[PDB]
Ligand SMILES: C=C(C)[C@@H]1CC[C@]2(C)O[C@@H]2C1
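Here you get one chain, nothing else, as structure tokens; it is the form deposited without D-limonene 1,2-epoxide.
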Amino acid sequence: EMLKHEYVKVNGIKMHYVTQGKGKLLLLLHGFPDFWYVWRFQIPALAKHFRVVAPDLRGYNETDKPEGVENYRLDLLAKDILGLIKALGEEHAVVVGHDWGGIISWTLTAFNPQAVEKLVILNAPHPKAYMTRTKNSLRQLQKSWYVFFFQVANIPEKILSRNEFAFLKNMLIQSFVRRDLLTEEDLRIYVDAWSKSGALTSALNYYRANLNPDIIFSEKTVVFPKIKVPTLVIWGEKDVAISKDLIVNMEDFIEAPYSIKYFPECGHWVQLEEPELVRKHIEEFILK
């Protein structure tokens, strides 16, 4: 097998993806500020057993980038993935989501359980956990300083991109518990992805559509069906973006069997820091 790049129309947008392997559809969904490439250490190994598909989400890298905050609501992003499963000629998929990819995955699974065989979450809080607990967690609000920063128009784009995205490289490198995690080559590939016209605005629109202060401080209770598909949560405990307050007590959200694998020596980018152990836990979960 060899890593192939494709494009497919889904839900009115053209979505780029890399793919390798045959078998069950296994989706790997990245978050901010990543793209398919974050999955570089898992694609080959998983492709031994599965039809691995790693897309660029709406707004990222080679995928279409519709204009306006409203086009980045969670409901539309989950519909993109539902549409992608269909367009790949399948009824369901194993769905693995990191970060925004995880939030989307939780949403897809909750509202369209028939389309998801098994769910894997890496370092992505359950949306109802986030909406309920964040306003009550000083620690989370503090960690979410940058979420508030990203609400403001234009200024965050300018600050993040200036000097060849120095600010963004720093934010990323500050978050890793492993040194020299991105090579100079890696950083050049990331900058190409970041530099795609409209990408940075589109990425930041995720926070403006879904995590504005109105949603965070809403008094209204959030309607979110229980998760009814077998679920694995992988969690690097040294996460600079997410408090443990947000991942404890998943019971009230998940009716199907679930398990949580804590990585006490990893942070947010658990798939980069223990690539082989993550790959293993994912394989074992699917194949048993």
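So that there is no doubt, residue numbering starts at 1 and follows the sequence shown.
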query	finding
Stretch with the higher entry mean CA B-factor, where the candidates are 99-107 and 167-175	167-175
Per the entry, higher mean C-alpha B factor between 50-58 and 218-226	218-226
Candidate set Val233, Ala45, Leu27, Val38 [ranked by C-alpha B-factor, highest]	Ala45
Candidate set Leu76, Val120, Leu88, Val147 [ranked by C-alpha B-factor, highest]	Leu88
Modelled-residue ranking by C-alpha temperature factor, third containing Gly12	middle
Chain-wide C-alpha B factor ranking for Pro127, given as lowest, middle or highest third	highest
Third of the chain, ranked by Cα B-factor, where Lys135 sits	middle
Assigned third (lowest, middle, highest) for the C-alpha B factor of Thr183	highest
Relative C-alpha B-factor of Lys196, binned into the chain's lowest, middle or highest third	highest
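Absent from the display: the form solved in complex with D-limonene 1,2-epoxide. The rest refers to it.
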property: Heavy atom within 4.5 Å of D-limonene 1,2-epoxide in the entry with it bound - the one residue of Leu26, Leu57, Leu246, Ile254 that qualifies; result: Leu246
property: Contact residue in the entry with it bound, chosen from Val229, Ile43, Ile242, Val233 - any heavy atom within 4.5 Å of D-limonene 1,2-epoxide; result: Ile242
property: Complete contact of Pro66, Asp80 and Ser202 with D-limonene 1,2-epoxide in the entry with it bound (any heavy atom, 4.5 Å); result: no
property: Contact flag, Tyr190 vs D-limonene 1,2-epoxide in the entry with it bound, heavy atom cut 4.5 Å; result: no
property: 4.5 Å heavy atom contact, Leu88 and D-limonene 1,2-epoxide in the entry with it bound; result: no
property: Non-hydrogen atom contact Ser175 with D-limonene 1,2-epoxide in the entry with it bound at 4.5 angstroms; result: yes
property: Contact label in the entry with it bound: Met171 to D-limonene 1,2-epoxide, heavy atom within 4.5 Å; result: yes
property: Stretch from 111-119, 97-105, 180-188, 80-88 whose residues place a heavy atom within 4.5 Å of D-limonene 1,2-epoxide in the entry with it bound; result: 97-105
